[PDB]
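We begin with a single chain expressed as structure tokens, specifically the form deposited in one PDB entry.
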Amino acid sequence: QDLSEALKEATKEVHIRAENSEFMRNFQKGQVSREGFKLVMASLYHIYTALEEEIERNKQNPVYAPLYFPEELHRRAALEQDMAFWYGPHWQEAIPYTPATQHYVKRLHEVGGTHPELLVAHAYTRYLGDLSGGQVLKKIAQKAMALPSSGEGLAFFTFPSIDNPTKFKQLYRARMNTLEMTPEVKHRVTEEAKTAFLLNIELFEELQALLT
């Protein structure tokens, strides 16, 4: 059984739960506020910053290397543009860094520093979702907040080096399936992907509480 299928199957239940967190439910319905959106985007900025520092650390490591697609997928530069848009030119000092974001970042560094064979779980959880449902969420954010089609403020959701998100997803999946894989590693990759999802759910629970 292929890793990319194992992961999708192992995370389908927790995905249903992540979509039905209060924050994403509100989001889905078009009820995102500028404050809420700013909080989540500032949190992703720290998260992707951590994920991508660790992808760099391990880019030559064969437990990750076949998924090294910085030009196409990396999000940090995009989030930096979005932060300047939403928080202004001194965004670096304005943006929050919540404890639930700190927790996710911490685990990202643990995985990247000490269990890099699990980094694929974290890249899967974030990038493949960004290439799928992320595009749906973009449209909702755009309509809710009157964001222009020109893309300012939504650089995170825009992949200028991928023509077709779905084709790239297929490539990414086919490359996932070339990773060297023992039952040990596979079993723990799918577990870690479930933790990645939980860390996101916990971020969302946290943000909702901060907002209400």
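What we label the rigid core is the largest C-alpha set whose atoms superpose within 1.5 Å from one form to the other. For every residue, the number given is its place in the sequence shown, counted from 1. Shifts are known only where both forms have a C-alpha.
Beyond the structure shown, there is the form deposited in another entry, which is absent from this document and is the topic of what follows.
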- Message: Out of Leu137, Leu118, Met83, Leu128, I need the residue that shifts by 2 angstroms or more at the Cα between the shown form and the other one, core superposed.
- Response: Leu137
- Item | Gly30 C-alpha shift between the shown form and the other one of 2 Å or more, rigid core reference | yes
- Task: Using a superposition on the rigid core, decide whether the Cα position of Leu147 changes by 2 angstroms or more between the shown form and the other one.
- Result: yes
- Quick one: in the other form, is the Cα gap between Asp163 and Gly134 smaller or bigger than here? Answer closer or farther; it shifts by 3 Å or more. closer
- Hey, the CA atoms of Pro96 and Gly134 end up closer or farther in the other form than in the shown form, with the change being 3 Å or more? farther
- Moved residue ranges in sequence order between the shown form and the other one, Cα 2 Å or more, at least 3 long, core fit: 20-22, 24-31, 133-144, 146-149
